[PDB]
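As C-alpha cells, the structure follows; a few thoughts come after it.
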Amino acid sequence: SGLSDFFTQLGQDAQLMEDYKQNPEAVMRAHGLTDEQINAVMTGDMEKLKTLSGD
Amino acid sequence: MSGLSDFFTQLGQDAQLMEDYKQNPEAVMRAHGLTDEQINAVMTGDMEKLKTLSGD
Amino acid sequence: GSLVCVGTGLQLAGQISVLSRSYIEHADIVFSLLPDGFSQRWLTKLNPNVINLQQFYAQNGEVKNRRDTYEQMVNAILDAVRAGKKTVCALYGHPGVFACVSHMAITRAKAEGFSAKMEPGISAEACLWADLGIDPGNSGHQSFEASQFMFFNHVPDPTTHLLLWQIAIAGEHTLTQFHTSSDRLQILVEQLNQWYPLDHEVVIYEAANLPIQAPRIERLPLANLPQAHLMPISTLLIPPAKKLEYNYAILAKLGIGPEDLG
Amino acid sequence: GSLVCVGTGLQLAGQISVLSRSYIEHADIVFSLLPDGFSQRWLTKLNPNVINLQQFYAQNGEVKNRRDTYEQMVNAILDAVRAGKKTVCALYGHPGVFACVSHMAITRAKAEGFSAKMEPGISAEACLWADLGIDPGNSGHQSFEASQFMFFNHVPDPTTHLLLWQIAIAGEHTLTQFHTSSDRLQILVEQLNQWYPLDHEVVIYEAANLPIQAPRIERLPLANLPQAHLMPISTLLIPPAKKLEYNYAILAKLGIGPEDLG
Ligand SMILES: C[S@@+](CC[C@H](N)C(=O)[O-])C[C@H]1O[C@@H](n2cnc3c(N)ncnc32)[C@H](O)[C@@H]1O
Ligand SMILES: C[S@@+](CC[C@H](N)C(=O)[O-])C[C@H]1O[C@@H](n2cnc3c(N)ncnc32)[C@H](O)[C@@H]1O
Ligand SMILES: [Zn+2]
C-alpha cells in the first residue's frame with residue numbers, strides 16, 4: 001500500500017511534513033496518490049480513505 | 001574529558017542497552033569505560049557529582 | 001519473561017517516543033491496541049510478531065461485560081510473559097491514562113514476580129493543549145471521566161479548564177439503555193448548569209490520528225450538547241466560566257496585596 | 001520564517017517523539033531550554049545551531065523579574081522568525097504545559113502573520129502517572145500552580161488527585177527567587193488544611209532526567225512540608241482525603257444505583 005507507506009513517512013519526517021504543508025496536492029501526486037485519494041484528503045473524508053486502502 | 005555523556009545518551013534511547021543495564025548495571029557501565037568514581041556516583045544516586053565528572 | 005507497556009501517542013508513526021519505538025522493535029511479541037489500520041500496518045513493519053488486542057472486544061452482539069474483555073486482554077498478555085517472552089504492550093496515547101489493561105497487567109505481573117514497567121506517552125490531553133493553544137497552568141485544570149462526574153459528587157472549580165473524557169458514553173451502564181445520547185447528555189447539561197450558564201461555550205475535541213487530518217474542534221453552547229454527534233474518541237472541554245479573583249484571605253496572611261504581585 | 005515548538009520530554013534522548021526529533025534535526029536554528037548539560041550536549045549533536053535560552057535567566061547575582069526573562073526569551077525566538085529562519089523551540093517536557101514562553105511566541109508569531117505551531121510532548125504529569133502506577137482516569141485529577149492556588153481563589157476536589165506545580169516557589173510573589181521560605185509553605189499547609197488533615201500523606205515527586213537515575217517519590221505528612229527539601233523540578237502530589245459520595249438525584253434519573261457501581 002503506497003497510501004499507507006506515504007502516511008507513515010509523512011507522520012515521522014519533518015522535512016516531508018513541511019513540504020506537504022507548503023503544497024499538499026503536489027506532494028501527494030508526486031508520491032503516487034490517486035485523484036480520489038487526494039479528493040478524500042482535501043474533503044477530510046476519513047471514512048473513504050480507509051476504504052481506498054483496506055481497513 | 002570522559003565518556004559519561006556518550007553512554008547516557010545511548011542508554012536513554014536504546015531499549016536493548018537499557019534492558020542490559022537494568023540486568024547488570026555495574027558490568028554494563030564498566031563495559032562502556034565508566035570510572036569507579038562515576039559508577040559509585042550512579043549507584044549512590046549522587047547526580048550533582050555525576051555532573052562534575054562530565055565537564056560542566 | 002518481562003513486560004513493558006508503551007504508548008504510541010495519537011498521531012500515526014511520529015508521536016511515539018524514540019525509546020518506546022526501540023522497545024517495540026526488540027520485543028519477542030507485541031500486544032497492540034491502536035486507532036486504525038494505518039497504525040496497525042506501521043506497527044507490523046516495526047515488529048511482525050503482533051497480537052491485536054482488538055480481537056477480544058465483543059462482536060455479534062454477544063454478551064461480554066467490558067470488564068470481562070479487559071480480563072481476557074490481560075490474561076493474553078500475562079500468558080506470554082509467563083511463557084518466557086520479552087513482551088511489549090503498545091497502546092495508543094499514554095498507556096497508563098484511562099487504560100485498565102496496562103494497570104491490571106503490570107499489577108498482576110509484579111505480583112507473580114515478573115519485571116513490569118510502564119513508559120509514559122503522549123495522551124489525548126497532551127494533544128488538546130497543543131491543538132487549542134491552552135496552557136493547563138493558566139488557570140488550572142480538572143479532568144474526570146464523564147460517567148464518574150455524573151455518578152459521584154464532583155464539584156468543579158469554574159475558573160479552571162475542565163475536561164470530561166468518554167463523553168459519548170456519559171451515564172451509560174449495562175442495564176437500562178438510555179442509548180439516547182440526547183437523554184443522558186441533557187441530564188449532564190442540567191447538572192453542569194449548577195455552575196455554568198446554558199449559553200456557555202463548550203468544545204468537542206477529537207485529536208487527529210493521521211498526518212493529513214485536521215482535529216475536530218467544535219464550539220457550541222452547552223445547551224446544544226445533547227444534539228451533538230459524539231464519537232468514542234470525543235473529549236469535551238469546558239472552558240472557565242469565571243476569571244480568577246484575588247484570595248484576599250491568603251494575601252493577608254502573606255502580608256501583601258494584589259499590587260505587590262510581581 | 002516559521003516557528004515550531006517541540007518538547008523533549010523529561011528523560012535524556014529517548015523521551016522525545018520521533019517527529020519532534022526530526023523537527024530539531026531539520027531546523028535552521030534551535031532555541032533550547034533543557035534540564036542539564038547532558039541534554040544540552042545531546043541537542044548540539046542533533047543540530048549545532050543552538051541558542052540556549054538559559055542565558056536570559058538572572059546571572060552574576062543580579063535580580064530579575066521572571067516575567068522580564070520570559071519576554072526576552074520570546075523576543076529572541078521571534079527575532080529569528082522575523083529574520084526568515086525556520087525556527088524550532090525545544091523545551092523540556094511538553095512545550096505547552098506550565099510553560100508560557102511557547103504559547104507567547106506562537107501567539108505573537110501568528111499575529112505577525114507567521115506560520116507557528118506546537119507539537120505535544122511528554123510532561124512531568126505524564127511521567128508521574130507511570131512512575132506512581134496511578135491511572136488518573138480512576139478518580140480523576142486536577143493541577144494548579146502552587147502560587148496561583150495561594151494568590152487566587154481555587155477550590156480543590158478532595159476526592160481527586162491534586163497536583164501542585166512549582167511547589168518550590170509557593171507564595172514567592174516577587175517572581176525573582178527560585179525558592180520560597182518555610183513560613184510561606186506553612187501558610188500553604190494551613191490553607192490546604194481546609195480539605196486535608198495535617199497528617200495526610202502527600203508525595204514530593206521528581207521525574208528522573210537521566211537514564212541511570214531513579215525518580216524521587218518522597219512520602220511525608222502534609223504538616224512536614226515546610227521543612228522538606230524542595231527543588232525547582234519538584235511537584236507535590238496530594239492524594240484524595242475524602243471518600244466518594246453517590247449523586248443520588250442523577251443515579252435515580254439514569255435508573256441505576258450503588259449496587260452496580262463501586
Ligand atoms: C480508554 S480512553 C484512552 C485514552 C488514551 N490512553 C490516551 O492516553 O489518551 C478513551 C478516551 O480517551 C479520549 N480520546 C481518545 N482518543 C482521542 C482523540 N483522538 N481525541 C480526543 N480524545 C481522545 C476520549 O475521551 C476517549 O473516550
Ligand atoms: C515551568 S514548569 C515546566 C513543565 C514542563 N513543560 C512539563 O511539561 O512538565 C516547571 C514545573 O514543572 C514541574 N516539573 C518540571 N520538571 C519536573 C520533574 N523532573 N519532575 C517533576 N515535576 C517536574 C514542576 O512542578 C516544576 O516546578
Ligand atoms: Zn492533566
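FYI, nothing fancy with the C-alpha cells labels: chains A, B, ... in order, residues from 1 per chain, ligands from 1 as they appear.
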Using only C-alpha atoms, select each residue of chain D with any atom at most 7 Å away from an atom of chain C, and give the selection as a PDB file with N, CA, C and O atoms, in the first residue's frame.
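Output contents, as saved in result05.pdb:
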ATOM      1  N   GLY D  14      15.667   9.829  24.912  1.00  0.00           N
ATOM      2  CA  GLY D  14      14.754   8.777  24.494  1.00  0.00           C
ATOM      3  C   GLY D  14      13.274   9.155  24.575  1.00  0.00           C
ATOM      4  O   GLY D  14      12.427   8.417  24.064  1.00  0.00           O
ATOM      5  N   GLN D  15      12.948  10.288  25.209  1.00  0.00           N
ATOM      6  CA  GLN D  15      11.558  10.569  25.548  1.00  0.00           C
ATOM      7  C   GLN D  15      10.956  11.600  24.594  1.00  0.00           C
ATOM      8  O   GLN D  15       9.788  11.958  24.733  1.00  0.00           O
ATOM      9  N   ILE D  16      11.754  12.068  23.630  1.00  0.00           N
ATOM     10  CA  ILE D  16      11.268  12.947  22.578  1.00  0.00           C
ATOM     11  C   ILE D  16      10.529  12.090  21.551  1.00  0.00           C
ATOM     12  O   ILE D  16      10.901  10.940  21.321  1.00  0.00           O
ATOM     13  N   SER D  17       9.477  12.653  20.948  1.00  0.00           N
ATOM     14  CA  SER D  17       8.760  11.944  19.898  1.00  0.00           C
ATOM     15  C   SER D  17       9.634  11.899  18.646  1.00  0.00           C
ATOM     16  O   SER D  17      10.517  12.735  18.472  1.00  0.00           O
ATOM     17  N   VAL D  18       9.351  10.923  17.773  1.00  0.00           N
ATOM     18  CA  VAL D  18      10.111  10.709  16.547  1.00  0.00           C
ATOM     19  C   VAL D  18      10.008  11.946  15.653  1.00  0.00           C
ATOM     20  O   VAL D  18      11.015  12.421  15.118  1.00  0.00           O
ATOM     21  N   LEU D  19       8.797  12.496  15.525  1.00  0.00           N
ATOM     22  CA  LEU D  19       8.592  13.641  14.649  1.00  0.00           C
ATOM     23  C   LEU D  19       9.285  14.876  15.222  1.00  0.00           C
ATOM     24  O   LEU D  19       9.893  15.643  14.479  1.00  0.00           O
ATOM     25  N   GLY D  96       3.845  23.185  26.038  1.00  0.00           N
ATOM     26  CA  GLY D  96       2.666  23.997  26.295  1.00  0.00           C
ATOM     27  C   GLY D  96       2.043  23.737  27.664  1.00  0.00           C
ATOM     28  O   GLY D  96       0.940  24.206  27.937  1.00  0.00           O
ATOM     29  N   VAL D  97       2.763  23.008  28.527  1.00  0.00           N
ATOM     30  CA  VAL D  97       2.262  22.662  29.847  1.00  0.00           C
ATOM     31  C   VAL D  97       3.087  23.389  30.908  1.00  0.00           C
ATOM     32  O   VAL D  97       4.274  23.122  31.074  1.00  0.00           O
ATOM     33  N   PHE D  98       2.429  24.303  31.633  1.00  0.00           N
ATOM     34  CA  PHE D  98       3.090  25.139  32.624  1.00  0.00           C
ATOM     35  C   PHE D  98       4.317  25.787  31.988  1.00  0.00           C
ATOM     36  O   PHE D  98       5.404  25.788  32.565  1.00  0.00           O
ATOM     37  N   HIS D 103       3.603  29.436  24.301  1.00  0.00           N
ATOM     38  CA  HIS D 103       2.298  29.988  23.986  1.00  0.00           C
ATOM     39  C   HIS D 103       2.449  31.440  23.538  1.00  0.00           C
ATOM     40  O   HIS D 103       1.793  31.872  22.593  1.00  0.00           O
ATOM     41  N   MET D 118       2.593  24.119  17.695  1.00  0.00           N
ATOM     42  CA  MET D 118       3.152  23.418  18.833  1.00  0.00           C
ATOM     43  C   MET D 118       2.912  21.925  18.648  1.00  0.00           C
ATOM     44  O   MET D 118       1.815  21.512  18.264  1.00  0.00           O
ATOM     45  N   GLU D 119       3.971  21.138  18.885  1.00  0.00           N
ATOM     46  CA  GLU D 119       3.880  19.689  18.912  1.00  0.00           C
ATOM     47  C   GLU D 119       3.852  19.228  20.364  1.00  0.00           C
ATOM     48  O   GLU D 119       4.688  19.626  21.174  1.00  0.00           O
ATOM     49  N   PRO D 120       2.893  18.365  20.751  1.00  0.00           N
ATOM     50  CA  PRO D 120       2.813  17.922  22.137  1.00  0.00           C
ATOM     51  C   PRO D 120       4.020  17.062  22.502  1.00  0.00           C
ATOM     52  O   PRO D 120       4.634  16.439  21.636  1.00  0.00           O
ATOM     53  N   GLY D 121       4.369  17.072  23.793  1.00  0.00           N
ATOM     54  CA  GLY D 121       5.406  16.208  24.325  1.00  0.00           C
ATOM     55  C   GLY D 121       4.960  15.547  25.624  1.00  0.00           C
ATOM     56  O   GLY D 121       3.815  15.710  26.045  1.00  0.00           O
ATOM     57  N   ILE D 122       5.878  14.784  26.229  1.00  0.00           N
ATOM     58  CA  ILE D 122       5.627  14.077  27.474  1.00  0.00           C
ATOM     59  C   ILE D 122       5.979  14.979  28.658  1.00  0.00           C
ATOM     60  O   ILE D 122       7.139  15.353  28.832  1.00  0.00           O
ATOM     61  N   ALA D 126       2.647  13.331  32.904  1.00  0.00           N
ATOM     62  CA  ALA D 126       2.634  12.070  32.179  1.00  0.00           C
ATOM     63  C   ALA D 126       3.607  11.087  32.833  1.00  0.00           C
ATOM     64  O   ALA D 126       3.322   9.897  32.929  1.00  0.00           O
ATOM     65  N   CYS D 127       4.755  11.599  33.294  1.00  0.00           N
ATOM     66  CA  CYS D 127       5.765  10.768  33.931  1.00  0.00           C
ATOM     67  C   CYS D 127       5.269  10.294  35.296  1.00  0.00           C
ATOM     68  O   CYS D 127       5.531   9.160  35.694  1.00  0.00           O
ATOM     69  N   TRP D 129       2.176   9.614  36.376  1.00  0.00           N
ATOM     70  CA  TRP D 129       1.200   8.535  36.321  1.00  0.00           C
ATOM     71  C   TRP D 129       1.926   7.199  36.189  1.00  0.00           C
ATOM     72  O   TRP D 129       1.575   6.229  36.850  1.00  0.00           O
ATOM     73  N   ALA D 130       2.925   7.170  35.304  1.00  0.00           N
ATOM     74  CA  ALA D 130       3.687   5.961  35.037  1.00  0.00           C
ATOM     75  C   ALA D 130       4.464   5.537  36.282  1.00  0.00           C
ATOM     76  O   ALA D 130       4.380   4.387  36.708  1.00  0.00           O
ATOM     77  N   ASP D 135      -3.525   5.478  37.472  1.00  0.00           N
ATOM     78  CA  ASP D 135      -4.324   5.828  36.310  1.00  0.00           C
ATOM     79  C   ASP D 135      -5.230   6.991  36.700  1.00  0.00           C
ATOM     80  O   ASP D 135      -6.149   6.814  37.496  1.00  0.00           O
ATOM     81  N   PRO D 136      -4.994   8.208  36.157  1.00  0.00           N
ATOM     82  CA  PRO D 136      -5.750   9.398  36.556  1.00  0.00           C
ATOM     83  C   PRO D 136      -7.218   9.361  36.135  1.00  0.00           C
ATOM     84  O   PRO D 136      -8.002  10.214  36.545  1.00  0.00           O
ATOM     85  N   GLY D 137      -7.580   8.370  35.314  1.00  0.00           N
ATOM     86  CA  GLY D 137      -8.973   8.136  34.967  1.00  0.00           C
ATOM     87  C   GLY D 137      -9.746   7.535  36.138  1.00  0.00           C
ATOM     88  O   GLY D 137     -10.966   7.664  36.218  1.00  0.00           O
ATOM     89  N   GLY D 140      -9.944  10.652  38.760  1.00  0.00           N
ATOM     90  CA  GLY D 140      -9.789  11.978  38.177  1.00  0.00           C
ATOM     91  C   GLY D 140      -8.488  12.634  38.634  1.00  0.00           C
ATOM     92  O   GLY D 140      -7.755  12.059  39.433  1.00  0.00           O
ATOM     93  N   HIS D 141      -8.193  13.827  38.106  1.00  0.00           N
ATOM     94  CA  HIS D 141      -7.045  14.579  38.592  1.00  0.00           C
ATOM     95  C   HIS D 141      -7.257  16.079  38.383  1.00  0.00           C
ATOM     96  O   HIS D 141      -8.117  16.507  37.619  1.00  0.00           O
ATOM     97  N   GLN D 142      -6.450  16.883  39.081  1.00  0.00           N
ATOM     98  CA  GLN D 142      -6.520  18.326  38.961  1.00  0.00           C
ATOM     99  C   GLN D 142      -5.135  18.900  39.226  1.00  0.00           C
ATOM    100  O   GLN D 142      -4.409  18.372  40.063  1.00  0.00           O
ATOM    101  N   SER D 143      -4.791  19.961  38.487  1.00  0.00           N
ATOM    102  CA  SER D 143      -3.485  20.598  38.560  1.00  0.00           C
ATOM    103  C   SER D 143      -3.640  22.106  38.716  1.00  0.00           C
ATOM    104  O   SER D 143      -4.421  22.723  38.001  1.00  0.00           O
ATOM    105  N   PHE D 144      -2.835  22.685  39.620  1.00  0.00           N
ATOM    106  CA  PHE D 144      -2.745  24.124  39.810  1.00  0.00           C
ATOM    107  C   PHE D 144      -1.288  24.489  40.071  1.00  0.00           C
ATOM    108  O   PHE D 144      -0.537  23.685  40.621  1.00  0.00           O
ATOM    109  N   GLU D 145      -0.897  25.695  39.658  1.00  0.00           N
ATOM    110  CA  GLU D 145       0.369  26.268  40.083  1.00  0.00           C
ATOM    111  C   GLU D 145       0.216  26.644  41.555  1.00  0.00           C
ATOM    112  O   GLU D 145      -0.785  27.258  41.922  1.00  0.00           O
ATOM    113  N   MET D 150      -2.532  30.047  45.943  1.00  0.00           N
ATOM    114  CA  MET D 150      -2.467  30.857  47.148  1.00  0.00           C
ATOM    115  C   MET D 150      -3.007  32.267  46.888  1.00  0.00           C
ATOM    116  O   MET D 150      -3.698  32.842  47.730  1.00  0.00           O
ATOM    117  N   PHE D 151      -2.697  32.828  45.713  1.00  0.00           N
ATOM    118  CA  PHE D 151      -2.978  34.227  45.429  1.00  0.00           C
ATOM    119  C   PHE D 151      -4.402  34.430  44.916  1.00  0.00           C
ATOM    120  O   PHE D 151      -4.941  35.535  45.027  1.00  0.00           O
ATOM    121  N   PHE D 152      -4.984  33.384  44.309  1.00  0.00           N
ATOM    122  CA  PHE D 152      -6.306  33.457  43.708  1.00  0.00           C
ATOM    123  C   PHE D 152      -7.204  32.398  44.340  1.00  0.00           C
ATOM    124  O   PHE D 152      -6.719  31.515  45.048  1.00  0.00           O
ATOM    125  N   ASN D 153      -8.517  32.499  44.074  1.00  0.00           N
ATOM    126  CA  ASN D 153      -9.497  31.618  44.690  1.00  0.00           C
ATOM    127  C   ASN D 153      -9.653  30.346  43.861  1.00  0.00           C
ATOM    128  O   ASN D 153     -10.235  30.360  42.779  1.00  0.00           O
ATOM    129  N   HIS D 154      -9.131  29.246  44.409  1.00  0.00           N
ATOM    130  CA  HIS D 154      -9.281  27.919  43.835  1.00  0.00           C
ATOM    131  C   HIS D 154      -9.764  26.953  44.915  1.00  0.00           C
ATOM    132  O   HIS D 154      -9.278  26.978  46.046  1.00  0.00           O
ATOM    133  N   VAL D 155     -10.705  26.078  44.551  1.00  0.00           N
ATOM    134  CA  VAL D 155     -11.200  25.070  45.477  1.00  0.00           C
ATOM    135  C   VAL D 155     -10.919  23.690  44.893  1.00  0.00           C
ATOM    136  O   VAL D 155     -11.469  23.338  43.849  1.00  0.00           O
ATOM    137  N   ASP D 157     -11.003  19.482  44.600  1.00  0.00           N
ATOM    138  CA  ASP D 157     -11.895  18.378  44.890  1.00  0.00           C
ATOM    139  C   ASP D 157     -11.095  17.322  45.643  1.00  0.00           C
ATOM    140  O   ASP D 157     -10.240  16.658  45.061  1.00  0.00           O
ATOM    141  N   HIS D 173       6.018  35.978  45.786  1.00  0.00           N
ATOM    142  CA  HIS D 173       5.184  36.846  44.971  1.00  0.00           C
ATOM    143  C   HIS D 173       5.994  37.765  44.056  1.00  0.00           C
ATOM    144  O   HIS D 173       5.427  38.343  43.128  1.00  0.00           O
ATOM    145  N   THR D 174       7.299  37.920  44.314  1.00  0.00           N
ATOM    146  CA  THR D 174       8.099  38.882  43.568  1.00  0.00           C
ATOM    147  C   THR D 174       8.503  38.313  42.208  1.00  0.00           C
ATOM    148  O   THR D 174       8.803  39.072  41.293  1.00  0.00           O
ATOM    149  N   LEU D 175       8.521  36.978  42.098  1.00  0.00           N
ATOM    150  CA  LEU D 175       8.914  36.285  40.880  1.00  0.00           C
ATOM    151  C   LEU D 175      10.396  36.515  40.586  1.00  0.00           C
ATOM    152  O   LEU D 175      10.781  36.649  39.427  1.00  0.00           O
ATOM    153  N   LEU D 244     -15.703   9.012  47.990  1.00  0.00           N
ATOM    154  CA  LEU D 244     -16.729   9.370  47.023  1.00  0.00           C
ATOM    155  C   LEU D 244     -18.117   9.218  47.644  1.00  0.00           C
ATOM    156  O   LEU D 244     -18.350   8.319  48.451  1.00  0.00           O
ATOM    157  N   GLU D 245     -19.022  10.124  47.260  1.00  0.00           N
ATOM    158  CA  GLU D 245     -20.416  10.072  47.671  1.00  0.00           C
ATOM    159  C   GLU D 245     -21.296   9.991  46.424  1.00  0.00           C
ATOM    160  O   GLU D 245     -21.008  10.623  45.412  1.00  0.00           O
ATOM    161  N   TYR D 246     -22.381   9.214  46.513  1.00  0.00           N
ATOM    162  CA  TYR D 246     -23.247   8.974  45.371  1.00  0.00           C
ATOM    163  C   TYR D 246     -24.054  10.224  45.038  1.00  0.00           C
ATOM    164  O   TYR D 246     -24.529  10.928  45.927  1.00  0.00           O
ATOM    165  N   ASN D 247     -24.225  10.461  43.735  1.00  0.00           N
ATOM    166  CA  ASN D 247     -25.083  11.515  43.230  1.00  0.00           C
ATOM    167  C   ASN D 247     -26.486  10.942  43.034  1.00  0.00           C
ATOM    168  O   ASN D 247     -26.861  10.587  41.920  1.00  0.00           O
ATOM    169  N   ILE D 250     -29.029  12.026  40.305  1.00  0.00           N
ATOM    170  CA  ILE D 250     -28.615  11.689  38.951  1.00  0.00           C
ATOM    171  C   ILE D 250     -28.766  10.184  38.728  1.00  0.00           C
ATOM    172  O   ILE D 250     -29.262   9.759  37.686  1.00  0.00           O
ATOM    173  N   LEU D 251     -28.349   9.382  39.715  1.00  0.00           N
ATOM    174  CA  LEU D 251     -28.447   7.934  39.619  1.00  0.00           C
ATOM    175  C   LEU D 251     -29.906   7.541  39.402  1.00  0.00           C
ATOM    176  O   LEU D 251     -30.203   6.698  38.558  1.00  0.00           O
ATOM    177  N   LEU D 254     -30.970   8.301  35.875  1.00  0.00           N
ATOM    178  CA  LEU D 254     -30.344   7.390  34.929  1.00  0.00           C
ATOM    179  C   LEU D 254     -30.895   5.979  35.127  1.00  0.00           C
ATOM    180  O   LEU D 254     -30.799   5.140  34.233  1.00  0.00           O
ATOM    181  N   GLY D 255     -31.451   5.723  36.317  1.00  0.00           N
ATOM    182  CA  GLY D 255     -32.071   4.444  36.622  1.00  0.00           C
ATOM    183  C   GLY D 255     -31.059   3.390  37.065  1.00  0.00           C
ATOM    184  O   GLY D 255     -31.226   2.208  36.774  1.00  0.00           O
TER     185      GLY D 255
END
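Near chain D, the residues of chain B that fall inside 7 Å (using only C-alpha atoms) are residues 5, 8, 9, 11, 12, 13, 42, 45 and 56 of chain B.
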Could you please tell me, as a compact mmCIF listing (two decimals) with C-alpha atoms, in the first residue's frame, which residues of chain A have an atom within 10 Å of chain C when using only C-alpha atoms?
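Contents of the output file iface28.txt:
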# COMPACT_ATOMS: atom_id res chain seq x y z
CA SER A 1 0.00 0.00 0.00
CA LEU A 3 -1.06 5.14 0.59
CA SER A 4 -0.07 3.61 3.94
CA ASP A 5 3.65 4.00 3.17
CA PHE A 6 3.14 7.69 2.37
CA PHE A 7 1.17 8.42 5.56
CA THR A 8 3.80 6.62 7.66
CA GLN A 9 6.63 8.66 6.12
CA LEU A 10 4.71 11.94 6.36
CA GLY A 11 3.98 11.26 10.04
CA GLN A 12 7.65 10.78 11.04
CA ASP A 13 9.56 13.03 8.63
CA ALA A 14 9.50 16.74 9.48
CA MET A 17 5.71 17.26 6.59
CA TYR A 20 3.40 18.71 2.34
CA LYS A 21 2.08 21.75 4.21
CA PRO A 24 -0.33 19.21 -0.29
CA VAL A 41 -7.83 14.04 1.89
CA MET A 42 -8.86 17.52 0.77
CA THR A 43 -12.52 16.92 1.72
CA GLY A 44 -11.43 15.31 5.00
CA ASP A 45 -13.36 12.11 4.28
CA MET A 46 -11.51 9.74 6.62
CA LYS A 50 -9.88 3.73 4.85
CA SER A 53 -6.69 1.04 1.32
CA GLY A 54 -8.40 -1.85 3.11
CA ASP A 55 -9.10 -1.30 6.81
### Message
Going by DSSP on the backbone, which residues of chain B come out as alpha helix (DSSP H)? List them as a ChimeraX atom specification.
### Response
/B:4-13,15-23,25-31,36-44,47-50
#### Entry: Distance query residue 189 (chain C) at most 7 Å, only C-alpha atoms, self and fewer than 3 positions along chain excluded, as a PyMOL selection string
chain C and resi 185-186+192-193+222-223
#### Entry: Interatomic distance (Å, one decimal) between CA of residue 198 (chain D) and CA of residue 231 (chain D)
22.2 Å
### Message
Which of region 21-240 of chain C end up as strand (DSSP E) when DSSP is run on this backbone - answer as a VMD selection string?
### Response
chain C and resid 29 to 33 50 to 52 86 to 91 115 to 118 141 to 145 161 to 165 201 to 206 216 to 221 235 to 238
### Query
How far is it from CA of residue 86 (chain D) to CA of residue 25 (chain A), in Å with one decimal?
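One can read the CA of residue 86 (chain D) to CA of residue 25 (chain A) distance as 22.4 Å.
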### Task
Go through D:242, D:215, D:201, D:227 one by one, measure the shortest atom-to-atom distance of each to residue 47 (chain B) using only C-alpha atoms, and give the residue with the smallest value.
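Once distances to residue 47 (chain B) are computed over only C-alpha atoms, the minimum belongs to D:215.
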### Query
Interatomic distance between atom 24 (C, counted along the ligand's line) of ligand 2 and CA of residue 232 (chain D)?
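Interatomic distance, atom 24 (C, counted along the ligand's line) of ligand 2 to CA of residue 232 (chain D): 6.5 Å.
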